């Protein structure tokens, strides 16, 4: 007593928009550091009938009948996750049920410190995530500044983590958790140094490696698993999985952490797991452990380096003057434009990026930079030689933005009046489209 005609038939209205979306993705230079493109197999898992099953709890201990094959999927995903990050199931545990990065983080922090517990994270404007305790004088923007007592460490004026500031703050504030691993941080992290500050104050070491996970799995960047108590990561960014998350926990350093984290995910926060996600994660984690995926990840850093190098060669300034990873933050102060303007300009030419703060940004109403990254385009086969074009396209967009602002003014509503039908923008779009639309698309 259901309707089984295809999407296109049942809902032509929705099917048009999705078809539109697919054309825009195919025809965009996607430079969002946190985006990627999933393969057909990951998307086959996400559409699988396994999302019909309620399976609250954990393997073998399910509050519903008929969970025998769901248990195998969930245990396979845990296995592959410990394999991907080169950890022993004797020493490390992983919860695979968290619905996304933000949920995973609030859950993991709750497990460690409880309500009113103290945490330390990097400030938003310095590259930290919302879920690392972010707040404003005006309000407690994240739940992690409200359900917990949070304190925020800033980076220095060059953009680097200042460990002397982290230690000083940890000694006076005495948090139970210090969060490192970030959202728009272009350098690697001295986890050992964090571990040393946490041992000093008897605080847990939380590493959120969502943005850099693939590097950690492939041994290209530092490994927080040598030093960290908890490691969270989303699966949808550089790792190239579905939208989901993983909480890793060190049983050897913290006996009984396993039950606290598992009880935090369920029944404290979540109800039913999303088994289509877990399937999809299982599938991508198998790809992650092959040497082919390591080649992809290597290519991501090779593209990021080149893209950084080409922008500097066109007199564009970068936070920390470079990158150790997949992402760059461009400082736009020398052109007297905002990242909010460059994002609209770039949207008009099919270039996807985001506005981003820089260390000198006092207020998020006008961020002075944009963040870009290479995972997505590296998935489409762009090589090092291809990065000069992207750098040229971004250079041209900055210049057009400067022209548009001169003509129409620094007010954002006014600036947008300048964009539609602009002949250079139409010309740049056409160039962007022709190159992007040519690339392999999963």
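Between two forms, the rigid core is the largest collection of C-alphas that superpose within 1.5 Å. Positions refer to the first chain, counted from 1.
Quick one: core-superposed, which stretch strays further from the shown model in 8 other deposited structures of this protein, 135-143 or 100-108? Go by RMS C-alpha distance.
-> The more displaced stretch in 8 other deposited structures of this protein turns out to be 135-143.
After a rigid core fit, does 145-153 or 359-367 show more C-alpha displacement in 8 other deposited structures of this protein?
-> Between 145-153 and 359-367, greater C-alpha deviation in 8 other deposited structures of this protein belongs to 359-367.
140-148 versus 159-167 - greater average Cα B-factor per the deposited record | Between 159-167 and 140-148, it is 159-167.
Look up the CA B-factors in the entry and say which stretch, 69-77 or 271-279, has the higher mean.
-> The deposited B-factors put 69-77 ahead on the C-alpha mean.
Of 346, 218, 113, 316, which one's C-alpha B factor is largest in the deposited record?
-> Out of 346, 218, 113, 316, the record gives the largest C-alpha B-factor to 218.
Out of 190, 331, 229, 324, residue topping the C-alpha B-factor column of the entry = When the deposited C-alpha B-factors of 190, 331, 229, 324 are compared, 190 is largest.
Sorting the chain's CA B-factors, does residue 409 end up in the lowest, middle or highest third?
-> For residue 409, whose C-alpha B-factor we compare with every modelled residue in the chain, the answer is the highest third.
Consider only the C-alpha atoms of the modelled residues in this chain, order them by B-factor as the entry records it, and name the third containing residue 291: lowest, middle or highest.
-> Residue 291: CA B-factor falls in the highest third of its chain.
Can you tell me which third, lowest, middle or highest, the CA B-factor of residue 54 falls into for its chain?
-> According to the entry, residue 54 has a C-alpha B-factor in the chain's lowest third.
Taking the C-alpha B-factors as the PDB entry records them, is residue 40 in the lowest, middle or highest third of its chain?
-> Answer is middle: the recorded C-alpha B-factor places it there.
What third of its chain's C-alpha B-factors does residue 248 belong to: lowest, middle or highest?
-> Lowest third, going by the recorded CA B-factors of the chain.
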